[PDB]
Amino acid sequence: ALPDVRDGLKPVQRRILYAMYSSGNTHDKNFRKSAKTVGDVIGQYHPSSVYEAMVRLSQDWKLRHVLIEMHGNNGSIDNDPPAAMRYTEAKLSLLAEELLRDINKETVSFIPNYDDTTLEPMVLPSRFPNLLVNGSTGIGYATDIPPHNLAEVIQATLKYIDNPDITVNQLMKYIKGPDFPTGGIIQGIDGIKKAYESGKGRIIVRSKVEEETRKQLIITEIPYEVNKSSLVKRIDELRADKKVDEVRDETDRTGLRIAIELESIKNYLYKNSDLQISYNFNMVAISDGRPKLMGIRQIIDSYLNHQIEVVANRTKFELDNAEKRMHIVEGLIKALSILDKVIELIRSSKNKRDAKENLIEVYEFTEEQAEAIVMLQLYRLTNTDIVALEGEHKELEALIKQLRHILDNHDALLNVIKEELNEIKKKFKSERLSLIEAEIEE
């Protein structure tokens, strides 16, 4: 079970968001029961673990940007079981909708489902680099891709588009390093560099720890993946065992807060516990069919190739439609002028297909346009309609020239990608939760 480099998803996850998308379980509409969405997945795509994944996508503390907004007990940083799918409601993020944006536009390959009745997508348009942003973990191959700051990833992608040769150091002006949703302090600037070239590097991850007003120490933020209650109980035991020479979980729904009362003790606790943790990049994802360990530029490169594919496919889709429609229009204006003859000619013919033939064989019409004309409801013969069909021709010759230029010119296309990526970063920009310091302390 490994994610695709292009949209950062495992097949469990992709299946869940798509089912949500097609049900119309979008952000702008009301929350929907979790079972409703779950029962479409086991039933149509995946042959418990559906719900365990759907839940995981809805967690503040695991993903930098949730893809599902869940209402109800969705678990906890203490690894509490979530509620059952009947009380729990969910819907897509505004941001998950960007992953799915344009899917309705022949952009990504669709493939038969497990029982060969319906079709599902191999990959999502992924209109933003989800793989780096939300990362991935878990297993015969394992992955460790930490989350990253949305805006830092887009800007870097944008910089890559302008210079496909840009070094790892240069991208680090814009992707500074992992941006963990639980925040904390990061140590290992070389580690990030090593990871960003070879796919593999060691960093140290610290808790945010300050002193208070007898003096008391508070843990405001903890390392990524670490279990709070599990950590509380660890700090608890050493206090008891006098390995240190009391420990309250003052967390409430406001934010995380762990208080300790009784520097050297801060430096001790870091070691014999997960107050300080190490993280090791193992950046593996699915490129071109197989598992590929890859550094930052292969990943940006793979994403870019994906976008180019998507956008070129969207543009061709929108062009074919704009081509097909103007043809109808050309037909209609032509038939609007011979209107009176047309109506008499239709009455003259006996069958539906007769009328179509006696249209194409008498006047210079085609099947496509003959069909459209015989299908006009009588109200389409009114003034508003006999004139709004004349105007849209202008708006079409406009779109053709525009869209054709996007296909004929590679730069123009990349500009399209650049604009769309850019507006996404503005609309969804979020501040860095992780502090980065260069050296690792001992």
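Numbers follow the displayed sequence, beginning with 1.
Visitor: Between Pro47 and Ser48, count the deposited residues left without coordinates and pick a bin: none, 1 to 3, 4 to 9, 10 or more.
Guide: 1 to 3 residues are missing.
Visitor: Just how many deposited residues go unmodelled from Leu262 to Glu263: none, 1 to 3, 4 to 9, or 10 or more?
Guide: Missing residues, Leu262 to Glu263: 4 to 9.
Visitor: Which wins on mean Cα temperature factor, 179 to 187 or 359 to 367?
Guide: It is 359 to 367 that shows the higher mean C-alpha B-factor.
Visitor: Read off the CA B-factors in the entry, average them over 305 to 313 and over 111 to 119, and name the higher stretch.
Guide: Stretch with the greater average CA B-factor: 305 to 313.
Visitor: Using only the C-alpha B-factors in the record, can you name which of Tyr174, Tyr268, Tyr160, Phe281 has the highest?
Guide: Largest recorded C-alpha B-factor: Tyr268.
Visitor: Out of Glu246, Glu210, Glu318, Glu106, which one has a C-alpha B factor higher than all the others in the entry?
Guide: Largest recorded C-alpha B-factor: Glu318.
Visitor: Place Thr384 in the lowest, middle or highest third of its chain's C-alpha B-factors, as listed in the PDB entry.
Guide: Tercile = highest for this residue's CA B-factor.
Visitor: Ranked by Cα temperature factor within the chain, is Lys194 in the lowest third, the middle third or the highest third?
Guide: CA B-factor rank for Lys194: middle third.
Visitor: Test of reading the entry: by CA B factor among the chain's modelled residues, which third contains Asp28?
Guide: Middle third, going by the recorded CA B-factors of the chain.
Visitor: State the tercile, meaning the lowest, middle or highest third, of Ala335 with respect to the CA B-factors recorded for its chain.
Guide: Highest third, going by the recorded CA B-factors of the chain.
Visitor: Comparing against every modelled residue in the chain, figure out the third that the C-alpha B-factor of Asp144 lands in (lowest, middle or highest).
Guide: Lowest third of the chain for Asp144's C-alpha B-factor.
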